[PDB]
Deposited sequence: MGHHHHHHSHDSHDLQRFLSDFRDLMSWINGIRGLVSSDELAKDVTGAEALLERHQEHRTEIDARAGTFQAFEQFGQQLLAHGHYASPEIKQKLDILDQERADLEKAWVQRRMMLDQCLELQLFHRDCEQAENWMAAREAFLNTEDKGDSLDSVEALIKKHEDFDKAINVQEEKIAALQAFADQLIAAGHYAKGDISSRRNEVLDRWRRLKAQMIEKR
């Protein structure tokens, strides 16, 4: 009958339906939205992972498509050239999607790191502003605040060495705190 033509039709329809789904996630993952929070940067990650689960839930569907193309190819379908070409395209589209998801995840990780660094600069800065106003328990609470300013310094140097997207502002905020600290350290 039109068996072989109908199979080609099915193959191509499945192909395009998969291609459109990839398009949607592709745009979804193209987002440039970053949080201005730590709770927000965390929710952004929670959502990116849900997208990870949605991408992986399609694994079986994609293999059924590969299997379908394998059968058409194995039986020498007259459109084998065109069929194989679609496989190459889908393989590439799937690969780029995985890489796009990974890239966005990296950005969301760096967003969280930057937001955790900022809240550290604030815990130590809101504290230095307090001591700058009125200016033996003093002692223990000085060793305490110095431990925090040391973590805030190693943490900032870790991100800068990891190639953070905010190298310029991470190093700037730190150099600003380390100097505003050694100034209050001298007057105390």
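According to the record, no C-alpha positions are given for deposited positions 1 to 7, 143 to 161, 215 to 218, numbered from 1.
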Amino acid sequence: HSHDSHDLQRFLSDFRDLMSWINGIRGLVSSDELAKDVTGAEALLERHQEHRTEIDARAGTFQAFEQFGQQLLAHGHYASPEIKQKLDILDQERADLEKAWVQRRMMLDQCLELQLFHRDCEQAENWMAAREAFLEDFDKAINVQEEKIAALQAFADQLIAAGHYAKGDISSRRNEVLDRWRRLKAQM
From here on, numbers count along this sequence of modelled residues.
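The PDB entry records a higher mean C-alpha B factor for 162 to 170 than for its counterpart among 162 to 170 and 15 to 23. For the two regions 138 to 146 and 50 to 58, the entry's Cα B-factors average higher over 138 to 146. Each of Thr39, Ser31, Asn126, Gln70 has a CA temperature factor in the record; the biggest one is found at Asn126. Sort the chain's modelled residues by C-alpha temperature factor and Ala133 lands in the highest third, per the entry. Residue-level temperature factors show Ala35 in the middle third of its chain, judged at the C-alpha atom. Ranked against the other modelled residues of its chain, the C-alpha B-factor of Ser5 as given in the entry falls in the lowest third. Sort the chain's modelled residues by C-alpha temperature factor and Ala43 lands in the middle third, per the entry.
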